[PDB]
Each structure stands twice: as structure tokens, then as C-alpha cells.
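**Q** Sending over upload-v8.pdb (PDB, N, CA, C and O atoms and all ligand atoms).
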MODEL        1
ATOM      1  N   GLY A   1       7.936  28.456  38.737  1.00  0.00           N
ATOM      2  CA  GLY A   1       9.119  27.627  38.592  1.00  0.00           C
ATOM      3  C   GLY A   1       8.801  26.147  38.654  1.00  0.00           C
ATOM      4  O   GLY A   1       9.135  25.473  39.629  1.00  0.00           O
ATOM      5  N   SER A   2       8.153  25.638  37.611  1.00  0.00           N
ATOM      6  CA  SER A   2       7.784  24.229  37.553  1.00  0.00           C
ATOM      7  C   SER A   2       8.146  23.627  36.199  1.00  0.00           C
ATOM      8  O   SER A   2       7.380  23.721  35.241  1.00  0.00           O
ATOM      9  N   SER A   3       9.320  23.008  36.128  1.00  0.00           N
ATOM     10  CA  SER A   3       9.788  22.395  34.891  1.00  0.00           C
ATOM     11  C   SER A   3      10.726  21.227  35.183  1.00  0.00           C
ATOM     12  O   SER A   3      11.093  20.986  36.332  1.00  0.00           O
ATOM     13  N   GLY A   4      11.109  20.507  34.133  1.00  0.00           N
ATOM     14  CA  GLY A   4      12.001  19.374  34.298  1.00  0.00           C
ATOM     15  C   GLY A   4      11.884  18.375  33.163  1.00  0.00           C
ATOM     16  O   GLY A   4      12.785  18.266  32.330  1.00  0.00           O
ATOM     17  N   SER A   5      10.774  17.646  33.131  1.00  0.00           N
ATOM     18  CA  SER A   5      10.547  16.647  32.093  1.00  0.00           C
ATOM     19  C   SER A   5       9.150  16.792  31.497  1.00  0.00           C
ATOM     20  O   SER A   5       8.221  17.245  32.166  1.00  0.00           O
ATOM     21  N   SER A   6       9.008  16.403  30.234  1.00  0.00           N
ATOM     22  CA  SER A   6       7.726  16.492  29.546  1.00  0.00           C
ATOM     23  C   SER A   6       7.275  15.119  29.057  1.00  0.00           C
ATOM     24  O   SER A   6       6.530  15.007  28.085  1.00  0.00           O
ATOM     25  N   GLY A   7       7.733  14.074  29.740  1.00  0.00           N
ATOM     26  CA  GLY A   7       7.367  12.722  29.362  1.00  0.00           C
ATOM     27  C   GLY A   7       7.731  12.402  27.927  1.00  0.00           C
ATOM     28  O   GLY A   7       8.542  13.099  27.315  1.00  0.00           O
ATOM     29  N   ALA A   8       7.133  11.346  27.386  1.00  0.00           N
ATOM     30  CA  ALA A   8       7.398  10.936  26.013  1.00  0.00           C
ATOM     31  C   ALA A   8       6.815  11.935  25.019  1.00  0.00           C
ATOM     32  O   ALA A   8       6.003  12.786  25.384  1.00  0.00           O
ATOM     33  N   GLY A   9       7.234  11.826  23.762  1.00  0.00           N
ATOM     34  CA  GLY A   9       6.742  12.728  22.737  1.00  0.00           C
ATOM     35  C   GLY A   9       5.349  12.362  22.262  1.00  0.00           C
ATOM     36  O   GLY A   9       4.715  11.466  22.816  1.00  0.00           O
ATOM     37  N   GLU A  10       4.874  13.060  21.236  1.00  0.00           N
ATOM     38  CA  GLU A  10       3.545  12.805  20.690  1.00  0.00           C
ATOM     39  C   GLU A  10       3.563  12.864  19.165  1.00  0.00           C
ATOM     40  O   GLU A  10       4.300  13.650  18.573  1.00  0.00           O
ATOM     41  N   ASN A  11       2.745  12.025  18.537  1.00  0.00           N
ATOM     42  CA  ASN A  11       2.668  11.981  17.082  1.00  0.00           C
ATOM     43  C   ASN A  11       1.256  11.628  16.623  1.00  0.00           C
ATOM     44  O   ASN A  11       0.448  11.086  17.377  1.00  0.00           O
ATOM     45  N   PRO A  12       0.949  11.944  15.356  1.00  0.00           N
ATOM     46  CA  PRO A  12      -0.365  11.669  14.767  1.00  0.00           C
ATOM     47  C   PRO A  12      -0.607  10.177  14.558  1.00  0.00           C
ATOM     48  O   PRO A  12      -1.731   9.695  14.695  1.00  0.00           O
ATOM     49  N   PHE A  13       0.456   9.452  14.226  1.00  0.00           N
ATOM     50  CA  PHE A  13       0.359   8.015  13.999  1.00  0.00           C
ATOM     51  C   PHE A  13       0.076   7.274  15.303  1.00  0.00           C
ATOM     52  O   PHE A  13       0.995   6.820  15.984  1.00  0.00           O
ATOM     53  N   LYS A  14      -1.202   7.159  15.645  1.00  0.00           N
ATOM     54  CA  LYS A  14      -1.609   6.474  16.866  1.00  0.00           C
ATOM     55  C   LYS A  14      -2.240   5.122  16.548  1.00  0.00           C
ATOM     56  O   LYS A  14      -2.871   4.951  15.504  1.00  0.00           O
ATOM     57  N   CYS A  15      -2.069   4.166  17.455  1.00  0.00           N
ATOM     58  CA  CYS A  15      -2.623   2.830  17.272  1.00  0.00           C
ATOM     59  C   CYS A  15      -4.101   2.797  17.654  1.00  0.00           C
ATOM     60  O   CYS A  15      -4.527   3.482  18.583  1.00  0.00           O
ATOM     61  N   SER A  16      -4.875   1.993  16.932  1.00  0.00           N
ATOM     62  CA  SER A  16      -6.305   1.872  17.193  1.00  0.00           C
ATOM     63  C   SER A  16      -6.565   0.939  18.372  1.00  0.00           C
ATOM     64  O   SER A  16      -7.304   1.278  19.295  1.00  0.00           O
ATOM     65  N   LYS A  17      -5.950  -0.238  18.333  1.00  0.00           N
ATOM     66  CA  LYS A  17      -6.112  -1.221  19.397  1.00  0.00           C
ATOM     67  C   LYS A  17      -5.751  -0.622  20.752  1.00  0.00           C
ATOM     68  O   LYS A  17      -6.615  -0.430  21.608  1.00  0.00           O
ATOM     69  N   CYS A  18      -4.469  -0.326  20.940  1.00  0.00           N
ATOM     70  CA  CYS A  18      -3.992   0.253  22.190  1.00  0.00           C
ATOM     71  C   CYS A  18      -3.678   1.735  22.018  1.00  0.00           C
ATOM     72  O   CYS A  18      -4.002   2.334  20.992  1.00  0.00           O
ATOM     73  N   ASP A  19      -3.044   2.322  23.028  1.00  0.00           N
ATOM     74  CA  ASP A  19      -2.683   3.734  22.987  1.00  0.00           C
ATOM     75  C   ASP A  19      -1.198   3.908  22.689  1.00  0.00           C
ATOM     76  O   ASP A  19      -0.451   4.455  23.499  1.00  0.00           O
ATOM     77  N   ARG A  20      -0.777   3.438  21.519  1.00  0.00           N
ATOM     78  CA  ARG A  20       0.621   3.539  21.113  1.00  0.00           C
ATOM     79  C   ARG A  20       0.790   4.566  19.997  1.00  0.00           C
ATOM     80  O   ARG A  20      -0.165   4.899  19.295  1.00  0.00           O
ATOM     81  N   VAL A  21       2.012   5.065  19.840  1.00  0.00           N
ATOM     82  CA  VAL A  21       2.307   6.053  18.809  1.00  0.00           C
ATOM     83  C   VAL A  21       3.636   5.754  18.126  1.00  0.00           C
ATOM     84  O   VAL A  21       4.514   5.115  18.705  1.00  0.00           O
ATOM     85  N   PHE A  22       3.778   6.221  16.889  1.00  0.00           N
ATOM     86  CA  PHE A  22       5.000   6.003  16.125  1.00  0.00           C
ATOM     87  C   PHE A  22       5.339   7.229  15.280  1.00  0.00           C
ATOM     88  O   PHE A  22       4.495   8.097  15.057  1.00  0.00           O
ATOM     89  N   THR A  23       6.582   7.292  14.812  1.00  0.00           N
ATOM     90  CA  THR A  23       7.034   8.409  13.993  1.00  0.00           C
ATOM     91  C   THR A  23       6.903   8.092  12.508  1.00  0.00           C
ATOM     92  O   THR A  23       7.578   8.694  11.674  1.00  0.00           O
ATOM     93  N   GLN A  24       6.031   7.142  12.186  1.00  0.00           N
ATOM     94  CA  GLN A  24       5.812   6.744  10.800  1.00  0.00           C
ATOM     95  C   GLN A  24       4.597   5.831  10.680  1.00  0.00           C
ATOM     96  O   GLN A  24       4.095   5.316  11.679  1.00  0.00           O
ATOM     97  N   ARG A  25       4.128   5.636   9.452  1.00  0.00           N
ATOM     98  CA  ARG A  25       2.971   4.786   9.203  1.00  0.00           C
ATOM     99  C   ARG A  25       3.383   3.320   9.105  1.00  0.00           C
ATOM    100  O   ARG A  25       2.610   2.424   9.442  1.00  0.00           O
ATOM    101  N   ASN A  26       4.606   3.085   8.644  1.00  0.00           N
ATOM    102  CA  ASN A  26       5.121   1.727   8.502  1.00  0.00           C
ATOM    103  C   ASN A  26       5.275   1.058   9.864  1.00  0.00           C
ATOM    104  O   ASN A  26       4.793  -0.054  10.079  1.00  0.00           O
ATOM    105  N   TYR A  27       5.950   1.743  10.781  1.00  0.00           N
ATOM    106  CA  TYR A  27       6.169   1.216  12.122  1.00  0.00           C
ATOM    107  C   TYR A  27       4.843   0.979  12.838  1.00  0.00           C
ATOM    108  O   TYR A  27       4.747   0.135  13.730  1.00  0.00           O
ATOM    109  N   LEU A  28       3.822   1.729  12.440  1.00  0.00           N
ATOM    110  CA  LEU A  28       2.498   1.602  13.042  1.00  0.00           C
ATOM    111  C   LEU A  28       1.773   0.371  12.507  1.00  0.00           C
ATOM    112  O   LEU A  28       1.121  -0.353  13.258  1.00  0.00           O
ATOM    113  N   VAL A  29       1.893   0.140  11.204  1.00  0.00           N
ATOM    114  CA  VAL A  29       1.252  -1.004  10.567  1.00  0.00           C
ATOM    115  C   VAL A  29       1.759  -2.316  11.157  1.00  0.00           C
ATOM    116  O   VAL A  29       0.973  -3.149  11.607  1.00  0.00           O
ATOM    117  N   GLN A  30       3.076  -2.491  11.151  1.00  0.00           N
ATOM    118  CA  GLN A  30       3.688  -3.701  11.686  1.00  0.00           C
ATOM    119  C   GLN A  30       3.221  -3.962  13.114  1.00  0.00           C
ATOM    120  O   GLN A  30       3.173  -5.108  13.563  1.00  0.00           O
ATOM    121  N   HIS A  31       2.877  -2.892  13.824  1.00  0.00           N
ATOM    122  CA  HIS A  31       2.415  -3.005  15.203  1.00  0.00           C
ATOM    123  C   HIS A  31       0.924  -3.326  15.250  1.00  0.00           C
ATOM    124  O   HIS A  31       0.446  -3.961  16.190  1.00  0.00           O
ATOM    125  N   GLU A  32       0.195  -2.882  14.231  1.00  0.00           N
ATOM    126  CA  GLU A  32      -1.242  -3.120  14.160  1.00  0.00           C
ATOM    127  C   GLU A  32      -1.534  -4.565  13.762  1.00  0.00           C
ATOM    128  O   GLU A  32      -2.575  -5.118  14.117  1.00  0.00           O
ATOM    129  N   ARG A  33      -0.608  -5.168  13.025  1.00  0.00           N
ATOM    130  CA  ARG A  33      -0.766  -6.548  12.579  1.00  0.00           C
ATOM    131  C   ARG A  33      -0.431  -7.525  13.702  1.00  0.00           C
ATOM    132  O   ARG A  33      -0.982  -8.625  13.769  1.00  0.00           O
ATOM    133  N   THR A  34       0.474  -7.116  14.586  1.00  0.00           N
ATOM    134  CA  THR A  34       0.883  -7.954  15.706  1.00  0.00           C
ATOM    135  C   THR A  34      -0.256  -8.134  16.702  1.00  0.00           C
ATOM    136  O   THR A  34      -0.299  -9.121  17.439  1.00  0.00           O
ATOM    137  N   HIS A  35      -1.178  -7.177  16.720  1.00  0.00           N
ATOM    138  CA  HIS A  35      -2.319  -7.231  17.627  1.00  0.00           C
ATOM    139  C   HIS A  35      -3.220  -8.416  17.295  1.00  0.00           C
ATOM    140  O   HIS A  35      -4.123  -8.309  16.465  1.00  0.00           O
ATOM    141  N   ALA A  36      -2.969  -9.546  17.948  1.00  0.00           N
ATOM    142  CA  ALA A  36      -3.758 -10.751  17.723  1.00  0.00           C
ATOM    143  C   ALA A  36      -4.167 -11.393  19.044  1.00  0.00           C
ATOM    144  O   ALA A  36      -4.271 -12.616  19.145  1.00  0.00           O
ATOM    145  N   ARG A  37      -4.399 -10.562  20.055  1.00  0.00           N
ATOM    146  CA  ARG A  37      -4.795 -11.050  21.370  1.00  0.00           C
ATOM    147  C   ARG A  37      -6.314 -11.045  21.517  1.00  0.00           C
ATOM    148  O   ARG A  37      -6.896 -11.961  22.097  1.00  0.00           O
ATOM    149  N   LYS A  38      -6.951 -10.006  20.986  1.00  0.00           N
ATOM    150  CA  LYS A  38      -8.401  -9.881  21.057  1.00  0.00           C
ATOM    151  C   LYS A  38      -9.080 -10.896  20.143  1.00  0.00           C
ATOM    152  O   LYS A  38      -8.869 -10.893  18.930  1.00  0.00           O
ATOM    153  N   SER A  39      -9.897 -11.764  20.734  1.00  0.00           N
ATOM    154  CA  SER A  39     -10.604 -12.787  19.972  1.00  0.00           C
ATOM    155  C   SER A  39     -11.923 -13.152  20.648  1.00  0.00           C
ATOM    156  O   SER A  39     -11.952 -13.513  21.823  1.00  0.00           O
ATOM    157  N   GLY A  40     -13.014 -13.054  19.894  1.00  0.00           N
ATOM    158  CA  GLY A  40     -14.321 -13.375  20.435  1.00  0.00           C
ATOM    159  C   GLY A  40     -15.048 -12.153  20.959  1.00  0.00           C
ATOM    160  O   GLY A  40     -14.524 -11.038  20.946  1.00  0.00           O
ATOM    161  N   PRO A  41     -16.287 -12.354  21.433  1.00  0.00           N
ATOM    162  CA  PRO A  41     -17.114 -11.271  21.972  1.00  0.00           C
ATOM    163  C   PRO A  41     -16.586 -10.744  23.302  1.00  0.00           C
ATOM    164  O   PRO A  41     -17.072 -11.124  24.367  1.00  0.00           O
ATOM    165  N   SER A  42     -15.589  -9.869  23.231  1.00  0.00           N
ATOM    166  CA  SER A  42     -14.992  -9.292  24.431  1.00  0.00           C
ATOM    167  C   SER A  42     -14.404  -7.915  24.138  1.00  0.00           C
ATOM    168  O   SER A  42     -13.301  -7.800  23.605  1.00  0.00           O
ATOM    169  N   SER A  43     -15.151  -6.873  24.490  1.00  0.00           N
ATOM    170  CA  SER A  43     -14.706  -5.503  24.261  1.00  0.00           C
ATOM    171  C   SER A  43     -15.670  -4.507  24.898  1.00  0.00           C
ATOM    172  O   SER A  43     -16.740  -4.879  25.377  1.00  0.00           O
ATOM    173  N   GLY A  44     -15.282  -3.234  24.898  1.00  0.00           N
ATOM    174  CA  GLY A  44     -16.121  -2.202  25.478  1.00  0.00           C
ATOM    175  C   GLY A  44     -15.737  -0.812  25.011  1.00  0.00           C
ATOM    176  O   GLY A  44     -14.598  -0.615  24.592  1.00  0.00           O
TER     177      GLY A  44
HETATM  178 ZN    ZN A 101      -1.231  -1.143  19.579  1.00  0.00          ZN
ENDMDL
END
Could I get this file's structure written as C-alpha cells?
Ligand SMILES: [Zn+2]

**A**
Amino acid sequence: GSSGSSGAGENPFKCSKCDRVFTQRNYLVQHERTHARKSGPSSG
């Protein structure tokens, strides 16, 4: 007897930069273009 909530949904359209998801490719693109925080030699 363990039920209640299953958190947010899941979709194939996932963001590369962060861990975001969308119900379409368009909504994903507009979000991928907004990603302009990463600049210079800084990543892992
Ligand atoms: Zn993102």
C-alpha cells in the first residue's frame, strides 16, 4: 500500500544543457536558444 503521487511527467524531448523536458520540439528549441549563461572554459 504505497501510492499517492508520481511527480512530474516524462517525455523524449529533453534539454541538452540542463535536465528539462517538453511536450514538443518547438518548446524545446526556444528553451535551448535561451541558454546563454555558459561562456568560456567552464564545464565538466
Ligand atoms: Zn535547458

**Q** Measuring atom to atom with all atoms listed in the file, identify which of A:34, A:26, A:41, A:10 is nearest to ligand ZN 101 (chain A).

**A**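 Comparing A:34, A:26, A:41, A:10 against ligand ZN 101 (chain A), the winner is A:34.
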
**Q** Let me have all residues with an atom within 8 Å of ligand ZN 101 (chain A), counting all atoms listed in the file, laid out as an mmCIF file with N, CA, C and O atoms, keeping the file's coordinate frame.

**A**
data_model
loop_
_atom_site.group_PDB
_atom_site.id
_atom_site.type_symbol
_atom_site.label_atom_id
_atom_site.label_comp_id
_atom_site.auth_asym_id
_atom_site.auth_seq_id
_atom_site.Cartn_x
_atom_site.Cartn_y
_atom_site.Cartn_z
ATOM 1 N N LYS A 14 -1.202 7.159 15.645
ATOM 2 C CA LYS A 14 -1.609 6.474 16.866
ATOM 3 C C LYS A 14 -2.240 5.122 16.548
ATOM 4 O O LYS A 14 -2.871 4.951 15.504
ATOM 5 N N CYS A 15 -2.069 4.166 17.455
ATOM 6 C CA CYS A 15 -2.623 2.830 17.272
ATOM 7 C C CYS A 15 -4.101 2.797 17.654
ATOM 8 O O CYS A 15 -4.527 3.482 18.583
ATOM 9 N N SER A 16 -4.875 1.993 16.932
ATOM 10 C CA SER A 16 -6.305 1.872 17.193
ATOM 11 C C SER A 16 -6.565 0.939 18.372
ATOM 12 O O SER A 16 -7.304 1.278 19.295
ATOM 13 N N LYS A 17 -5.950 -0.238 18.333
ATOM 14 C CA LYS A 17 -6.112 -1.221 19.397
ATOM 15 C C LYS A 17 -5.751 -0.622 20.752
ATOM 16 O O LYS A 17 -6.615 -0.430 21.608
ATOM 17 N N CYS A 18 -4.469 -0.326 20.940
ATOM 18 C CA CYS A 18 -3.992 0.253 22.190
ATOM 19 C C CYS A 18 -3.678 1.735 22.018
ATOM 20 O O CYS A 18 -4.002 2.334 20.992
ATOM 21 N N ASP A 19 -3.044 2.322 23.028
ATOM 22 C CA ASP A 19 -2.683 3.734 22.987
ATOM 23 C C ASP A 19 -1.198 3.908 22.689
ATOM 24 O O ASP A 19 -0.451 4.455 23.499
ATOM 25 N N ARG A 20 -0.777 3.438 21.519
ATOM 26 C CA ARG A 20 0.621 3.539 21.113
ATOM 27 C C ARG A 20 0.790 4.566 19.997
ATOM 28 O O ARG A 20 -0.165 4.899 19.295
ATOM 29 N N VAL A 21 2.012 5.065 19.840
ATOM 30 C CA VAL A 21 2.307 6.053 18.809
ATOM 31 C C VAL A 21 3.636 5.754 18.126
ATOM 32 O O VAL A 21 4.514 5.115 18.705
ATOM 33 N N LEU A 28 3.822 1.729 12.440
ATOM 34 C CA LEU A 28 2.498 1.602 13.042
ATOM 35 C C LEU A 28 1.773 0.371 12.507
ATOM 36 O O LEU A 28 1.121 -0.353 13.258
ATOM 37 N N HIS A 31 2.877 -2.892 13.824
ATOM 38 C CA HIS A 31 2.415 -3.005 15.203
ATOM 39 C C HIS A 31 0.924 -3.326 15.250
ATOM 40 O O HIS A 31 0.446 -3.961 16.190
ATOM 41 N N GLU A 32 0.195 -2.882 14.231
ATOM 42 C CA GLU A 32 -1.242 -3.120 14.160
ATOM 43 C C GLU A 32 -1.534 -4.565 13.762
ATOM 44 O O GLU A 32 -2.575 -5.118 14.117
ATOM 45 N N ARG A 33 -0.608 -5.168 13.025
ATOM 46 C CA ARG A 33 -0.766 -6.548 12.579
ATOM 47 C C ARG A 33 -0.431 -7.525 13.702
ATOM 48 O O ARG A 33 -0.982 -8.625 13.769
ATOM 49 N N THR A 34 0.474 -7.116 14.586
ATOM 50 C CA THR A 34 0.883 -7.954 15.706
ATOM 51 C C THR A 34 -0.256 -8.134 16.702
ATOM 52 O O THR A 34 -0.299 -9.121 17.439
ATOM 53 N N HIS A 35 -1.178 -7.177 16.720
ATOM 54 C CA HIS A 35 -2.319 -7.231 17.627
ATOM 55 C C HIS A 35 -3.220 -8.416 17.295
ATOM 56 O O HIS A 35 -4.123 -8.309 16.465
#

**Q** Could you tell me, as a list in words, which residues of chain A DSSP assigns to strand (DSSP E) when given the backbone?

**A** residues 13, 14, 21 and 22 of chain A

**Q** Put a box with edges along x, y and z around all the listed atoms of range 1-13 of chain A, pad it by 5 Å on each side, then give me its centre and sizes in Å, one decimal, as AutoDock Vina command-line options.

**A**
--center_x 5.5 --center_y 17.6 --center_z 26.8 --size_x 24.5 --size_y 31.6 --size_z 35.6

**Q** Please, which residues of range 8-38 of chain A, numbered as in this document, come out alpha helix (DSSP H) from DSSP, as a list in words?

**A**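 DSSP-assigned alpha helix (DSSP H) residues in range 8-38 of chain A: residues 26, 27, 28, 29, 30, 31, 32, 33 and 34 of chain A.
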
**Q** My list of candidates is A:8, A:13, A:1, A:42. Which is closest to residue 27 in chain A when distances are computed with only N, CA, C and O atoms?

**A**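 Between A:8, A:13, A:1, A:42, the residue approaching residue 27 in chain A most closely is A:13.
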
**Q** Find the distance between atom C of residue 12 in chain A and atom O of residue 25 in chain A and write it in Å to one decimal.

**A**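 These atoms are spaced 9.8 Å apart.
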
**Q** I'd like the interatomic distance between atom O of residue 29 in chain A and atom C of residue 9 in chain A, to a tenth of an Å.

**A**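 So the two atoms, atom O of residue 29 in chain A and atom C of residue 9 in chain A, lie 19.3 Å apart.
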